[PDB]
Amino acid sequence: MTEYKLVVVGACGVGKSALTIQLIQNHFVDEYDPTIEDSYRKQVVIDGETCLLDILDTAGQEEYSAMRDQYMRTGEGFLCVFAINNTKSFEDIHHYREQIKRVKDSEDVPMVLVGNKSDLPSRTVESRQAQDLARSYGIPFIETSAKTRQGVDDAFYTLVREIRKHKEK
C-alpha cells in the first residue's frame, strides 16, 4: 500500500487545521484528539487505488519561521492554503511556493492551491483571482468550506493525483 506524505502550509488565522481535521475525522463525529497516531493518518481509495495519507499540519507553529524548511522537506506533496477573507494570506502564497521549490530543489513539485471559507469577515479574494494565480503556477485550485465539508476530499485527492502524475513522467 503506497503512502503519500502531504504537508499543509499557509498563514495563521486561516483554518489549515480545519481542512486536515475535516479530512481525517469521520464526517458525522465532530471529535478529534491530535495526540494519537490515527489523528494524522488516513486510508483512502482514490481513482480505485487504495492508499495511505500522512498529513503534516504544523498549525500553531508559524512563529518558528526557521523550522519551515525542516517541516517542508518531509513532504512529497503540498497544499498551500489561504483564507478567502484574508487578502494577506493569499499574497503570501507566492512566498510559500518559492520556499517549497527551494527546499525540494525542484521547479516542478506536486502542489495544490486551496482557498478556505470558514466564518466572517466576508470574502476578499474572488475565486477568479485564485484560478489566475493557480494557472500562472501550473497547479490546481480547489475552494473549500471547513464547516460544511465541501471541497475537502477534492483538495487532498487532487494533490494525490498531482503526485501520481509527477511520479509517472
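One rule holds for the numbers: they count along the sequence shown, beginning at 1.
The mean C-alpha temperature factor is higher for 30-38 when 30-38 and 112-120 are set side by side. Just going by the entry, 56-64 versus 41-49 on mean CA temperature factor gives the higher value to 41-49.
Sorting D132, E143, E126, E107 by the CA temperature factor given in the entry leaves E107 at the top. Remark: of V14, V152, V9, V160, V14 shows the highest value [criterion: C-alpha B-factor in the PDB entry]. For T20, the recorded CA B-factor ranks within the lowest third of the chain. Only modelled residues enter the ranking.
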